[PDB]
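Structural overview for review
As a plain string of letters, each chain reads:
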Amino acid sequence: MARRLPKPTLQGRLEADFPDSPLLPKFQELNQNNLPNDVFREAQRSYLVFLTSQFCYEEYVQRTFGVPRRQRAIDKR
Amino acid sequence: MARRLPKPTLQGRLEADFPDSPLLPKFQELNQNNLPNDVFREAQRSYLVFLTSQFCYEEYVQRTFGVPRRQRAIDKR
Amino acid sequence: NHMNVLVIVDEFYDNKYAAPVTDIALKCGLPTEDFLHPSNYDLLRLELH
Amino acid sequence: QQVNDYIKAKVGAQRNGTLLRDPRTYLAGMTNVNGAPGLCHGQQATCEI
(Lines give C-alpha, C1' and ligand atoms only; values in the text may rest on other atoms or scores of the structure.)
Protein backbone atom coordinates (compact mmCIF):
# COMPACT_ATOMS: atom_id res chain seq x y z
CA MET A 1 0.00 0.00 0.00
CA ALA A 2 2.55 2.56 -1.15
CA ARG A 3 0.14 5.34 -2.20
CA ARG A 4 3.06 7.70 -1.74
CA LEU A 5 3.32 11.46 -1.78
CA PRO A 6 3.50 13.11 -5.21
CA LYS A 7 7.08 13.72 -6.29
CA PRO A 8 8.63 17.18 -5.86
CA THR A 9 8.68 19.50 -8.85
CA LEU A 10 12.10 19.03 -10.45
CA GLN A 11 13.86 19.71 -13.74
CA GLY A 12 14.11 16.94 -16.30
CA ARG A 13 17.33 15.58 -17.79
CA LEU A 14 19.77 17.13 -15.34
CA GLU A 15 22.41 14.62 -16.41
CA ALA A 16 22.66 16.10 -19.92
CA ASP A 17 21.97 19.72 -18.97
CA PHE A 18 25.42 19.68 -17.43
CA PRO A 19 28.25 18.46 -19.70
CA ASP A 20 30.36 16.30 -17.38
CA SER A 21 31.19 15.30 -13.82
CA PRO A 22 33.28 12.44 -12.40
CA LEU A 23 30.12 10.88 -10.97
CA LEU A 24 29.11 10.03 -14.54
CA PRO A 25 31.47 7.01 -14.94
CA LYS A 26 29.87 5.11 -12.05
CA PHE A 27 26.57 6.62 -13.19
CA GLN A 28 26.58 5.03 -16.64
CA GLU A 29 26.64 1.50 -15.18
CA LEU A 30 22.86 1.69 -14.93
CA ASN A 31 20.99 0.63 -18.06
CA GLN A 32 17.32 0.35 -18.98
CA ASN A 33 16.32 -3.15 -20.04
CA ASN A 34 12.81 -4.12 -18.97
CA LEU A 35 11.12 -1.05 -17.49
CA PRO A 36 9.58 1.82 -19.48
CA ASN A 37 11.34 5.12 -20.02
CA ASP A 38 9.64 7.14 -17.25
CA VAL A 39 10.21 4.69 -14.40
CA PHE A 40 13.83 4.32 -15.46
CA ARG A 41 14.22 8.10 -15.48
CA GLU A 42 12.90 8.24 -11.92
CA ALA A 43 15.26 5.50 -10.74
CA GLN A 44 18.17 7.19 -12.53
CA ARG A 45 17.31 10.47 -10.82
CA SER A 46 17.46 8.71 -7.46
CA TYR A 47 20.79 7.10 -8.35
CA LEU A 48 22.32 10.42 -9.35
CA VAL A 49 21.03 11.63 -5.98
CA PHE A 50 22.88 8.80 -4.28
CA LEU A 51 26.10 9.57 -6.15
CA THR A 52 25.94 13.26 -5.25
CA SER A 53 25.42 12.42 -1.58
CA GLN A 54 28.27 9.90 -1.72
CA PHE A 55 30.64 12.57 -2.96
CA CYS A 56 29.35 15.11 -0.44
CA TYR A 57 30.09 12.87 2.54
CA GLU A 58 33.39 11.71 1.06
CA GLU A 59 34.31 15.40 0.84
CA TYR A 60 33.27 16.09 4.42
CA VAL A 61 35.56 13.26 5.54
CA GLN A 62 38.49 14.90 3.76
CA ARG A 63 37.64 18.26 5.31
CA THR A 64 37.62 16.79 8.82
CA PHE A 65 41.14 15.46 8.26
CA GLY A 66 42.77 17.82 5.76
CA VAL A 67 45.19 19.89 7.84
CA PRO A 68 48.76 18.71 7.08
CA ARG A 69 49.87 20.13 10.44
CA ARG A 70 53.27 19.08 9.09
CA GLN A 71 53.04 21.39 6.08
CA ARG A 72 52.54 24.32 8.46
CA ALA A 73 55.91 23.88 10.14
CA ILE A 74 57.66 22.67 6.98
CA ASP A 75 56.26 25.13 4.43
CA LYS A 76 56.68 28.09 6.76
CA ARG A 77 60.32 29.16 6.88
CA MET B 1 47.37 -0.46 42.39
CA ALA B 2 47.60 3.17 41.25
CA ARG B 3 46.09 3.45 37.77
CA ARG B 4 46.68 6.78 36.07
CA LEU B 5 44.35 8.59 33.71
CA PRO B 6 44.69 8.16 29.93
CA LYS B 7 47.14 10.37 28.12
CA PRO B 8 45.59 13.16 26.02
CA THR B 9 45.59 13.31 22.25
CA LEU B 10 48.95 14.64 21.07
CA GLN B 11 50.64 14.75 17.69
CA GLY B 12 53.31 12.06 17.83
CA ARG B 13 57.01 12.62 17.13
CA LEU B 14 57.14 16.41 17.08
CA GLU B 15 60.94 16.19 17.29
CA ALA B 16 60.99 15.00 13.68
CA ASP B 17 59.04 18.11 12.68
CA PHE B 18 61.17 20.93 14.09
CA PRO B 19 64.94 20.75 13.48
CA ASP B 20 67.65 23.21 14.53
CA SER B 21 65.49 24.39 17.40
CA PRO B 22 68.05 25.46 20.01
CA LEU B 23 66.87 22.94 22.62
CA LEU B 24 67.75 19.96 20.39
CA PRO B 25 71.48 20.03 21.33
CA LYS B 26 70.51 19.31 24.94
CA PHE B 27 67.62 17.05 23.92
CA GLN B 28 70.03 14.74 22.09
CA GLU B 29 71.74 13.95 25.39
CA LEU B 30 68.93 11.69 26.59
CA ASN B 31 69.44 7.99 25.90
CA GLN B 32 66.77 5.40 25.11
CA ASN B 33 69.19 2.51 25.22
CA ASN B 34 67.49 0.31 27.82
CA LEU B 35 63.78 1.07 27.59
CA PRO B 36 61.16 -0.14 25.11
CA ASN B 37 60.16 2.32 22.44
CA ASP B 38 56.75 3.61 23.51
CA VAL B 39 58.04 4.23 27.03
CA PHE B 40 60.92 6.04 25.32
CA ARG B 41 58.57 8.26 23.31
CA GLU B 42 56.45 9.00 26.38
CA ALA B 43 59.41 9.90 28.58
CA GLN B 44 60.99 11.97 25.80
CA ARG B 45 57.73 13.86 25.35
CA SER B 46 57.90 14.59 29.08
CA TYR B 47 61.54 15.66 28.83
CA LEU B 48 60.74 17.94 25.90
CA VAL B 49 57.94 19.57 27.89
CA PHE B 50 60.44 20.05 30.71
CA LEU B 51 63.12 21.61 28.50
CA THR B 52 60.68 23.99 26.83
CA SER B 53 59.35 24.99 30.24
CA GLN B 54 62.87 25.79 31.45
CA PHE B 55 63.51 27.87 28.35
CA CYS B 56 60.21 29.71 28.73
CA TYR B 57 60.88 30.52 32.38
CA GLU B 58 64.35 31.84 31.54
CA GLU B 59 62.97 33.90 28.65
CA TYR B 60 60.32 35.38 30.94
CA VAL B 61 62.96 36.23 33.55
CA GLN B 62 64.88 38.01 30.81
CA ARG B 63 61.59 39.69 29.89
CA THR B 64 60.91 40.80 33.47
CA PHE B 65 62.92 43.98 33.95
CA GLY B 66 61.95 46.84 31.68
CA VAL B 67 62.48 50.48 30.69
CA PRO B 68 66.29 50.39 31.03
CA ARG B 69 68.04 53.64 31.87
CA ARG B 70 71.18 53.19 29.77
CA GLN B 71 69.48 52.01 26.59
CA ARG B 72 66.97 54.88 26.52
CA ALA B 73 69.67 57.36 27.56
CA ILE B 74 71.78 56.35 24.57
CA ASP B 75 69.01 55.86 21.99
CA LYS B 76 67.34 59.26 22.38
CA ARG B 77 70.61 61.18 22.76
CA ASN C 1 47.63 2.56 52.53
CA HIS C 2 48.07 4.42 49.22
CA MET C 3 47.74 8.15 48.59
CA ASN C 4 46.01 8.32 45.22
CA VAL C 5 42.28 9.00 45.35
CA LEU C 6 41.74 7.58 41.86
CA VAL C 7 41.60 3.97 42.98
CA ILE C 8 39.62 4.92 46.09
CA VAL C 9 36.79 6.50 44.11
CA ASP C 10 37.00 3.83 41.39
CA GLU C 11 37.00 0.83 43.72
CA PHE C 12 34.12 2.35 45.68
CA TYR C 13 31.91 3.21 42.70
CA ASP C 14 33.06 0.30 40.54
CA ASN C 15 30.34 -2.24 41.39
CA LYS C 16 27.94 -0.65 43.88
CA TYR C 17 24.74 -2.68 44.02
CA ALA C 18 23.15 -1.75 47.36
CA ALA C 19 23.14 1.84 48.62
CA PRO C 20 22.28 2.07 52.34
CA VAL C 21 21.37 5.34 54.04
CA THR C 22 22.53 6.75 57.36
CA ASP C 23 19.92 7.39 60.03
CA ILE C 24 20.36 11.13 60.48
CA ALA C 25 19.82 11.31 56.74
CA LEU C 26 16.47 9.61 57.37
CA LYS C 27 15.37 11.87 60.22
CA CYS C 28 15.78 15.02 58.13
CA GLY C 29 13.51 13.40 55.56
CA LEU C 30 10.40 13.47 57.72
CA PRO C 31 8.46 16.56 58.85
CA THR C 32 7.62 16.98 62.51
CA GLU C 33 3.99 15.88 62.47
CA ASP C 34 4.96 12.78 60.51
CA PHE C 35 8.08 12.29 62.63
CA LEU C 36 6.18 12.01 65.91
CA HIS C 37 3.58 9.57 64.57
CA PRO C 38 4.04 6.08 66.05
CA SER C 39 4.64 4.48 62.70
CA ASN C 40 8.13 5.99 62.92
CA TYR C 41 9.42 4.61 66.19
CA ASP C 42 12.77 3.37 64.91
CA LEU C 43 13.99 6.96 64.81
CA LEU C 44 12.27 8.01 68.04
CA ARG C 45 14.16 5.28 69.87
CA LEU C 46 17.34 7.24 69.09
CA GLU C 47 16.46 10.86 69.83
CA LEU C 48 16.90 10.75 73.57
CA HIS C 49 19.09 13.83 74.01
CA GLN D 1 4.86 -9.76 49.32
CA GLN D 2 7.65 -7.19 49.53
CA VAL D 3 5.43 -4.23 48.72
CA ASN D 4 2.69 -5.73 50.89
CA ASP D 5 5.00 -5.93 53.89
CA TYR D 6 6.21 -2.38 53.26
CA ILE D 7 2.63 -1.12 53.13
CA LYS D 8 1.54 -3.03 56.23
CA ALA D 9 4.52 -1.48 58.01
CA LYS D 10 3.87 2.10 56.90
CA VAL D 11 0.07 2.27 57.03
CA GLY D 12 -0.67 3.06 60.67
CA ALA D 13 2.14 0.62 61.52
CA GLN D 14 -0.18 -2.38 61.47
CA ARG D 15 2.71 -4.72 62.32
CA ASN D 16 4.36 -4.80 65.78
CA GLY D 17 1.38 -3.01 67.35
CA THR D 18 -1.22 -0.26 66.86
CA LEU D 19 -3.80 -2.55 65.26
CA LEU D 20 -7.26 -3.84 66.18
CA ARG D 21 -6.94 -7.57 65.42
CA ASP D 22 -4.29 -9.93 66.82
CA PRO D 23 -2.89 -12.00 63.90
CA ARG D 24 -0.45 -13.79 66.20
CA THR D 25 -0.95 -17.54 66.82
CA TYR D 26 -4.68 -17.45 66.20
CA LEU D 27 -4.64 -20.77 64.32
CA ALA D 28 -8.29 -20.01 63.56
CA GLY D 29 -8.93 -20.26 67.28
CA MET D 30 -10.28 -16.99 68.66
CA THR D 31 -10.52 -13.22 68.20
CA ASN D 32 -8.94 -10.88 70.72
CA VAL D 33 -8.22 -7.24 71.50
CA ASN D 34 -4.83 -5.57 71.14
CA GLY D 35 -3.13 -2.60 72.71
CA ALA D 36 -4.84 -0.09 74.98
CA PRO D 37 -2.64 -0.14 78.09
CA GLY D 38 -4.54 2.75 79.65
CA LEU D 39 -7.16 5.03 78.09
CA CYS D 40 -8.02 8.42 79.57
CA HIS D 41 -10.95 9.51 77.40
CA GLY D 42 -13.46 6.68 77.03
CA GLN D 43 -14.68 3.86 74.83
CA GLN D 44 -12.89 4.47 71.54
CA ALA D 45 -15.34 5.41 68.80
CA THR D 46 -14.74 3.70 65.46
CA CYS D 47 -14.40 6.33 62.74
CA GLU D 48 -15.14 5.01 59.26
CA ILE D 49 -14.45 6.72 55.95
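Above this text sits the structure in question.
The paragraphs below set out a description of the structure included in this document. (Residues numbered from 1 in each chain as written, not as in the entry; some residues may be left out. Chains lettered and ligands numbered in written order. Part of a larger assembly, values for the part shown. Heavy atoms only, no water.)

The subject of this paragraph is the interface of chain C and chain B. Counting residues at the interface gives 4 residues for chain C, matched by 5 residues for chain B. Interface area for chain C against chain B, summed over the two sides, is near 390 Å², with a carbon-plus-sulfur share of 56%. Interface area lost by chain C to chain B is led by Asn 4, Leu 6 and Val 7 of chain C, which between them contribute 76%. The interface formed by chain C and chain B contains 1 salt bridge. For the salt bridge of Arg 3 of chain B with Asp 10 of chain C, the shortest nitrogen-to-oxygen distance reads 3.4 Å. On inspection of chain C and its partner chain B, the count reaches 1 residue pair in polar contact. (Contact = heavy atoms within 4.5 Å. Buried area = accessible area lost by both parts, 1.4 Å probe. Salt bridge = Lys/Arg side-chain N within 4 Å of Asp/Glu carboxyl O. Polar contact = N/O pair within 3.5 Å; in protein donor to acceptor, adjacent residues only side chain to side chain.)

The residue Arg 13 of chain A is not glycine, and still its phi comes out positive at about 55°. Non-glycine residue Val 67 of chain B carries a positive phi angle of around 40°. By secondary structure assignment, the location of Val 67 of chain B is in the loop between α2 (37-64) and α3 (69-75). According to the relative accessible area criterion, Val 67 of chain B is exposed, its value standing at 62%. (Helix = DSSP H or I, 4+ residues; strand = E, 2+ residues; numbered from the N terminus. Buried < 20%, exposed > 50% of the residue type's maximum accessible area, 1.4 Å probe, protein only.)

With 4 residues of chain A in contact, the opposing surface of chain B contributes 6 residues. Interface area for chain A against chain B, summed over the two sides, is near 360 Å², with a carbon-plus-sulfur share of 45%. For the pair chain A and chain B, the number of links is 1 salt bridge. A salt bridge links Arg 70 of chain A to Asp 17 of chain B, with the nearest nitrogen and oxygen atoms 3.5 Å apart. Connecting chain A to chain B are 1 residue pair in polar contact.

Turning to the relation of the copies chain A and chain B, a few remarks are in order. Overlaying chain A with chain B gives an RMSD of 1.2 Å, the required rotation being 61° about an axis along which the chain moves by 1.1 Å. What the rotation and shift describe, once combined, is the action of a six-fold rotation axis. Taking C-alpha positions as reference, the residue of chain A nearest the rotation axis is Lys 76 of chain A, located at 36 Å. (Least-squares fit on C-alpha atoms.)

We now examine the pattern of salt bridges. Residue and element names in this part refer to chain A. Scanning all chains against the criterion turns up 3 salt bridges over all chains. Between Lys 7 and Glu 42 there is a salt bridge, with the nearest N and O atoms lying 4.0 Å from each other. Of the two residues, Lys 7 sits in the segment before α1 (14-17) while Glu 42 sits in helix α3 (residues 37-64), which places them 35 residues apart along the sequence. Judged by relative accessible area, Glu 42 falls into the partly exposed class, the value being 37%.

There is a gap between chain A and chain C: no contact, and a shortest C-alpha distance of 35 Å. Spatially, chain B is disjoint from chain D: no contact exists, and the shortest C-alpha separation is 41 Å.

None of the figures reported here should be taken as evidence of function without further support.
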